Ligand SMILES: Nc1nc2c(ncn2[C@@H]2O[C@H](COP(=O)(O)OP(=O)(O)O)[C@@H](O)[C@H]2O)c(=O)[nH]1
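Single chain ahead, by itself, as structure tokens, in the form solved without the named molecule.
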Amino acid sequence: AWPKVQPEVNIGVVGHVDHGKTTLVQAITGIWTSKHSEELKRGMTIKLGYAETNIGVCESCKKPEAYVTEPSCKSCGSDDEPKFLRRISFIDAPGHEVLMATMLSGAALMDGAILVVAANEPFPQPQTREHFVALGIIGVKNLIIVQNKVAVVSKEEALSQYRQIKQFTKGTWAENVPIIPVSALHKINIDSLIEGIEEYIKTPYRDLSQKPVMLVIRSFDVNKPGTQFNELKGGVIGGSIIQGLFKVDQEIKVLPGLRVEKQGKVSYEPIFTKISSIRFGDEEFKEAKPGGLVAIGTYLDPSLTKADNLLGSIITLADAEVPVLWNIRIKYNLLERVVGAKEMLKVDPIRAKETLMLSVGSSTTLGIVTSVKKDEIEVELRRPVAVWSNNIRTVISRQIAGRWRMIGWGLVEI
């Protein structure tokens, strides 16, 4: 039988609005990632979506069909069990331009990515570009480009767009990135995509001796309403471990922590707690490593974790030394153009006292520029940010025409 293990790798799913990211994840995993009522109602991804699957291979059968997502080789005429390869998981990002920040958050959790390009829409759409560039900037470079919805266009049209994609990636880090055509909705050529995932998105090496750091994207109260107080379960915090590993019963802290109000005056203080449980999907474990989205059960009052209250926090061991900063210095570079805009726009240089949006790990924070130089800016933040290492990538956004747009990136210097 196949072992029950945590996912060992995170694959982002990005691309322009309605190009079929969520349906693609469903075609691969059998799971629809949209869990929130507002998402199902409006017909869009809003929060980061998540889904897991095992990946195996039928060793006597021919590829790519030999690749499977369940322990069966019957589809190639074998009664033998397929060889288990690994468990993988998907970080399903929203495509809407207004939700770019959320994509950025998700990108901090990705080991690799699939860029979904609809074959029946003109390439390259604004968020195709913005997500692509974001991936490059952040360093998520194990990329597969998927042409989705090919079953509604002729082979000729698909090939025309394929040529466009090669032209686009030529001269960039993605020049030799593979392009794989599928229909997510009708489940066509999915096997080729699985094969591509095995070939192009290897599980990266993990140095488990590093200090444990988890980036937080979820937090919730798992109690049913009208639950008896003496049966109230502790708050749960969800996210991905980007380095090291966590274990049940470890003393941990959430940084920057909780918002404290003292007569209108606002500060943040670390939340200290203890790991009471560890879960990936429907399975419980004793330890949690990079790869997958983990649910950390704690002894926290559920009111503290309710409704993603802790989104953008990090979790570390209680004794870790981590700067929590209300001002940061960033060694930066700007893009030439606002790639996410419908109409072409040049990026203006950073101006003093300008308000910018900074993406750091899973966090998104507004700040005011207090110093501008050619290679460096300094920023006074509205809320503090936890900086767990030197030279963490940040992505810089500017409000253009009422919309926050990515305009550059940098390294947080401590």
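Note that residue numbering follows the sequence shown and begins at 1.
Same protein, other form: the form solved in complex with the named molecule, not shown, and the subject of what follows.
Not one of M357, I368 and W404 comes within 4.5 Å of the named molecule in the deposited bound form, counting any heavy atom.
Distance criterion of 4.5 Å from any heavy atom to the named molecule in the deposited bound form singles out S277 from the list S267, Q164, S277, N327. Taking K233, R337, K211, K202 one by one, only a single residue has any non-hydrogen atom within 4.5 Å of the named molecule in the deposited bound form, and it is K233. Only one segment in the set 329-337, 258-266, 164-172, 279-287 has any non-hydrogen atom within 4.5 angstroms of the named molecule in the deposited bound form, and it is 279-287. For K141, no non-hydrogen atom is located within 4.5 Å of the named molecule in the deposited bound form, even though that partner is not displayed. Contact annotation: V177 falls outside 4.5 Å of the named molecule in the deposited bound form, judged by heavy atom distances. Although the partner is absent here, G196 is not a contact residue: none of its heavy atoms lies within 4.5 angstroms of the named molecule in the deposited bound form. A residue is said to contact a partner when one of its heavy atoms sits within 4.5 Å of a partner heavy atom; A341 fails this definition for the named molecule in the deposited bound form, lying far away. Contacts between stretch 29-46 and the named molecule, counted in the deposited bound form as any heavy atom lying within 4.5 Å, involve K35 alone.
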